[PDB]
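Below is one structure, written out as structure tokens; the observations come after it.
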Amino acid sequence: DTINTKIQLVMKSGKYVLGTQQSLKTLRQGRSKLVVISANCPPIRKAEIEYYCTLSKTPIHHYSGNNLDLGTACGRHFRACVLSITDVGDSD
Amino acid sequence: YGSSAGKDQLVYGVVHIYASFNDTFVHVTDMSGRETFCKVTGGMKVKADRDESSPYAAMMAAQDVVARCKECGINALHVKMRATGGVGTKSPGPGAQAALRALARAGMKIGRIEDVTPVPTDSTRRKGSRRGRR
Amino acid sequence: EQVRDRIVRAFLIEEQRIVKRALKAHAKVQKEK
Amino acid sequence: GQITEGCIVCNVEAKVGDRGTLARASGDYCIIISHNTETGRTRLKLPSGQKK
Amino acid sequence: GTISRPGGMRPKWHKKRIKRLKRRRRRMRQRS
Amino acid sequence: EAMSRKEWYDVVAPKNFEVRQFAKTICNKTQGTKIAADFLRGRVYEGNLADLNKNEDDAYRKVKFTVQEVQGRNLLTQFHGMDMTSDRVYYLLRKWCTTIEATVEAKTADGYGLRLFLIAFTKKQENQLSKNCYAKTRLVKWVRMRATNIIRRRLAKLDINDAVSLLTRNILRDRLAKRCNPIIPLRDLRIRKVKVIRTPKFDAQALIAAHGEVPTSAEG
Amino acid sequence: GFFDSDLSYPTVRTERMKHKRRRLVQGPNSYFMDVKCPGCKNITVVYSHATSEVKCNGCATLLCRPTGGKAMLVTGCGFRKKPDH
Amino acid sequence: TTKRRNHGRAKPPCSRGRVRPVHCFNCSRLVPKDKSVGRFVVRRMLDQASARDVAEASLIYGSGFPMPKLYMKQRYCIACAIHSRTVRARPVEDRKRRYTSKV
Amino acid sequence: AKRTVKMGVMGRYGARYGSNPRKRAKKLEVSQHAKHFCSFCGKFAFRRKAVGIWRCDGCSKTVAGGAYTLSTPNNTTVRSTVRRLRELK
RNA sequence: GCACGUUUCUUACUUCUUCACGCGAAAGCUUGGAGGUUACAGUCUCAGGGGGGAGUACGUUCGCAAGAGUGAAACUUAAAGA
RNA sequence: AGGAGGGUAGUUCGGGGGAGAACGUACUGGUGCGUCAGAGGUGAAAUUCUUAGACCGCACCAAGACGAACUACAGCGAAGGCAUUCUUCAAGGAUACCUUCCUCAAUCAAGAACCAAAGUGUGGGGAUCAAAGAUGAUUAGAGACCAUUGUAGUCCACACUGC
Ligand SMILES: [K+]
Ligand SMILES: [K+]
Ligand SMILES: [K+]
Ligand SMILES: [K+]
Ligand SMILES: [K+]
Ligand SMILES: [Mg+2]
Ligand SMILES: [Mg+2]
Ligand SMILES: [Mg+2]
Ligand SMILES: [Mg+2]
Ligand SMILES: [Mg+2]
Ligand SMILES: [Mg+2]
Ligand SMILES: [Mg+2]
Ligand SMILES: [Mg+2]
Ligand SMILES: [Mg+2]
Ligand SMILES: [Mg+2]
Ligand SMILES: [Mg+2]
Ligand SMILES: [Mg+2]
Ligand SMILES: [Mg+2]
Ligand SMILES: [Mg+2]
Ligand SMILES: [Mg+2]
Ligand SMILES: [Mg+2]
Ligand SMILES: [Mg+2]
Ligand SMILES: [Mg+2]
Ligand SMILES: [Mg+2]
Ligand SMILES: [Mg+2]
Ligand SMILES: [Mg+2]
Ligand SMILES: [Mg+2]
Ligand SMILES: [Mg+2]
Ligand code: NA
Ligand code: NA
Ligand SMILES: [Zn+2]
């Protein structure tokens, strides 16, 4: 997938955080360039993250898979409900 | 028995001619199919049970229909022939040609001959085994 | 945890409700013109 | 009358206000067959194969 | 005919006859 | 005697056909609780296009009309469908070519629902020397798609009377052949069959307009 | 037609019709072209059998369309074949 | 002894695995489609004598309009095609004539 | 298959009740005690708690399902039928 | 853009009833061999050793069963076969 | 390497495979009208249905299977096999290339997966045809070929079987 290839590039030469707590921390500090949210996110937690992104003027990408698929797309053996990219490397 | 039309005006019915290898039907209806004027079969004219499909029996049946249709007030007929059909011979029987010729020569007008055999576009299994009739 | 969930739920749902009302009224204005 | 023909339903009332008397066992359901708008009636296929 | 001389009964039916023979032997040995 | 209880009627077609009264019929008279109008209504009559509309290939087309109202000794009808006759279809078939068939679902502006069936064949060019003219499957799918769109757009803006005139006068047939030939050479494109699958509820005013002036009937 | 064939020195006609890798010595079938797009006066070198996406340095618009075989140039462009050596 | 190079059908090796069967037009025996004997028959509905008599009475066919015909694609099993004389046994070095078309 | 060649979980019944009835109950018994996938939280943590009631050990959600499996084959087709019919309106 | 007409090329299923050597007991095969083999050697692998008894008996593995795989001999025959 | 593998492209090619939604006539069975004496089946008959309205004609309804003609010394697949339309999912070969890599290969005891029809187990479904069975003929006889029926099966899901 197009998004899957870009995530692989960021994993190699970029900066990121995985998880809800760390993603909100970067949103408060204003060091977020893109937020990817899995389709598995609980409705009330997704509403909070979208509100934070609107305040900080950060684009949102709605992932098609669930947290199991998003976690493996980062070369991990665990699940991740949200991914926040702080420094796009040689990617787009 | 009516129709209040001029003697020079043609009044049209439809004759259905079913000709199988065991019998022959000559059935006259109106322009729809919901009203029947007369119906005679080849088996109503013979006794031998093996000539029900003979050309002679078909000719006799067609002559009876013309006599009755003249009384009803029908002058001309549209023709619809058919064979047995779906799982069947698909080949017309021996009495089909005789019935149509007898109708014309008895004093009736003809128009728009057609064939209405069923002809499935994909069918169920037909009789006999995979070795056929022996 | 449950107290925090109720506070967040109350504020965010009400904000969404206000957003819809403004959106519908603006659409009616555009139709009027 | 608000359910499209061919849908699967359970807990169907036989009388208006009976609060549900049909298709209540473990894995049962009914099937809506047709609506008759002239008389305001609906036809169903019961789990036993009958039509009501 | 599409085969050469078989020299016996039809080979399909000879196979079935041995087929039934083997069942009877199996049942007889089961009785002991 | 069966004929002693029968009465004669006239079947009259809508006003987009040249010949209005195209058939005669019989029915039982009124006795007791049985009313003849309840039995006459709903019958389906069949006619030939060549006889109805007047020297073309219309001699192979059949048009059906369903009875909707009884006006004295007259039966007022409406379009029900058309078909092509089987001998004509078998005569158009050949070997060493491809047969293309399409089914199109369309609706008019007055709520009528129609289903249409088309048929067409590939042809050899005038200087061709090869042994067949089979088509690529990609071009066959393209022909079906373009024909489907043209029929859908043309019929969505017309009422039932204008839609019938379009189908019975080879206006749509000519347009389809013109716009589908550049995809692949074709011969003998036809509308094989038309079925009416939906019908709006009865409206006396609509039927009266569809028929206009009605010729008198001499039965009685 | 009196001349006889020599396997080590084929005639022009015989060798011209042969598939590459069936010749006496195999070689390429492609070449390079000098393409000028309409506008920006820039010149770019394009492979004849190009399957990737080729854009001029400035205009950032497509210059050819990949197909099966030789690529097809955009309508506004003109090309000149470059020498082998 | 191999009688025919194509074995009586039209299925070369390395071309197909299985060809669907059809019912014999006469006895309803099942035979593969490529092996059966197929003929396309166009039959007049009436012979010359009956057609002449019908045409005088008809206002449609009375003036130079063709009468309808019957179209059929008949497939025979091998036994029925021989018994009906559609095909006959042929001499060797003659079994190889093909007749790609009508007549 | 170290401790038992073919009996599996039905090895607690000894030599009673017949071979085929034991086999028929082995399929349903294995699935009834297995861990199923939770689409709410993405974990394999669904377990049965009385017939028809399934609870997830991860997100603590309770679902009404099948007697011996979380989702019956009939349920999936009904879900797709209803979704297609709703969007049809 | 879609077909056709003309000349080349790579892949595939074929035909000669106006297809050559060669091979084979013959029927026939032939760029796709059953050719390039007493002028007998490119590489690997699976079967056969006169006809029957017999794919039978016994033993063992697999199968719910029906069966499947492995697999003899004592005796008897001058032919069976193409 | 006119040996193997991988890449990009024509979103190329094809009854190749898996999922949904629909379509077509036909066989069977019902419903509503019409008519009235036979219909069916065979070499010839009989078993069978029928004034309590069969067969036939028109219109419609229900369910299951099947996709005619086009269809070929044609296509796809490792083989077994694959034929209505539309929407989807992952693949496969051939071709084109001054892309990449640098012997990564051929064949194979043991081992694995798939494998027509019939057959087996558990649930669905049941229109047609039809092993077993019944009846009528034919025959010296006929447990057969012919006729009317008829159960399992024939269809789907999940497991076997491997002839
Ligand atoms: K008879
Ligand atoms: K012989
Ligand atoms: K043949
Ligand atoms: K079964
Ligand atoms: K039978
Ligand atoms: Mg009879
Ligand atoms: Mg039989
Ligand atoms: Mg056989
Ligand atoms: Mg022989
Ligand atoms: Mg032999
Ligand atoms: Mg061609
Ligand atoms: Mg192939
Ligand atoms: Mg085979
Ligand atoms: Mg030899
Ligand atoms: Mg040899
Ligand atoms: Mg040697
Ligand atoms: Mg030996
Ligand atoms: Mg055992
Ligand atoms: Mg068993
Ligand atoms: Mg064995
Ligand atoms: Mg019926
Ligand atoms: Mg078809
Ligand atoms: Mg089977
Ligand atoms: Mg069962
Ligand atoms: Mg059986
Ligand atoms: Mg029989
Ligand atoms: Mg039967
Ligand atoms: Mg099955
Ligand atoms: Na050759
Ligand atoms: Na059968
Ligand atoms: Zn959970």
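By convention in this document, chain letters (A, B, ...) are assigned in the order of the sequence lines, proteins followed by strands, and residues within each chain are numbered from 1. Every heavy atom of this structure was used, including side-chain atoms; hydrogens, water molecules and symmetry mates were not.
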Counting only heavy atoms and a strict 4.0 angstrom limit, can you tell me which residues of residues 127-134 of chain F come near RNA chain K? F:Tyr134

Across nucleotides 50-59 of chain K, 5' to 3', mark each nucleotide with B, S or - according to how protein heavy atoms within less than 4.0 Å reach it. -----BBBBS

When you look at K:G20 and K:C98 together, do they satisfy the Watson-Crick or wobble criterion (both atom distances under 3.5 Å)? no

Below the 4.0 Å mark, does K:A69 have OP1 or OP2 next to a side-chain nitrogen or oxygen of H:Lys33? yes

Residues which pass side-chain hydrogen bond (donor to acceptor under 3.5 Å, both in side chains) with F:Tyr45, listed by chain and number, not counting sequence neighbours: F:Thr25

Answer with base, sugar-phosphate or nothing: what part of the nucleic acid does G:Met72 contact at a heavy-atom distance below 4.0 Å? sugar-phosphate

Counting only Watson-Crick or G-U wobble geometry with both distances under 3.5 Å, does K:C58 pair with K:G32? yes

Please determine if a side-chain N or O atom of I:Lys23 lies less than 4.0 Å away from the OP1 or OP2 oxygen of J:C64. no

Is K:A39 the Watson-Crick or G-U wobble partner of K:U48, both distances being under 3.5 Å? yes

Each nucleotide in nucleotides 14-32 of chain J should get exactly one letter: B, S or -. Can you fill that in based on protein heavy atoms under 4.0 Å? SSSB-----------SS--

Who passes ring pair (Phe, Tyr, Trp, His ring centres under 6.0 Å) against G:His49, sequence neighbours left out? none

Sticking with atom P, work out how far J:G5 lies from K:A9, rounded to a whole angstrom. 33 Å

Select base, sugar-phosphate, or nothing to describe what F:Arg94 touches, counting heavy atoms under 4.0 Å on all strands. sugar-phosphate

Residue pair E:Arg5/F:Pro185 against RNA chain J: nearer the 5' end by closest nucleotide is F:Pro185

Output yes when at least one side-chain N/O atom of I:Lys26 is less than 4.0 Å from OP1 or OP2 of K:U122, else no. no

By side-chain contact (heavy atoms from CB on, under 4.5 Å), H:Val42 pairs with (sequence neighbours left out) H:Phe40, H:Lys69, H:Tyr71

Below the 4.0 Å mark, does K:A72 have OP1 or OP2 next to a side-chain nitrogen or oxygen of F:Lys95? yes

Would you check if K:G92 and K:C13 are a Watson-Crick or G-U wobble pair, both distances kept under 3.5 Å? yes

On the nucleotide K:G14, are OP1 or OP2 found under 4.0 Å from the side-chain N or O atoms that F:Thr137 carries? yes

Name all residues meeting the side-chain hydrogen bond (donor to acceptor under 3.5 Å, both in side chains) criterion together with F:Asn132; count only those two or more places apart in sequence or in a different chain, and write none if there are none. none

Structure string for RNA chain J in dot-bracket form, Watson-Crick and G-U at under 3.5 Å, | interchain: .....................((....))....................((.......(.(......).).....)).....

Expected output is a numbered-order residue list: members of residues 126-134 of chain B with a heavy atom under 4.0 Å from any atom of RNA chain J. What is it? none

Only counting residues at least two apart or in another chain, list the ones meeting side-chain hydrogen bond (donor to acceptor under 3.5 Å, both in side chains) with B:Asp115. B:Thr117

Would you say I:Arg24 places a side-chain N or O within less than 4.0 Å of OP1 or OP2 belonging to K:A159? no

Please confirm if K:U11 pairs with K:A69, counting Watson-Crick and G-U wobble geometry and requiring both distances below 3.5 Å. no

Return no unless some side-chain N or O of F:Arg5 is found under 4.0 Å from OP1 or OP2 of K:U35. yes

Where along residues 15-25 of chain E does a heavy atom fall under 4.0 Å from RNA chain J? E:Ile18, E:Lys19, E:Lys22, E:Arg23, E:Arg25

Between K:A22 and F:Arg115, is there an OP1 or OP2 to side-chain N/O distance shorter than 4.0 Å? no

Restricting to side-chain hydrogen bond (donor to acceptor under 3.5 Å, both in side chains), what partner residues turn up for F:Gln125, sequence neighbours left out? none

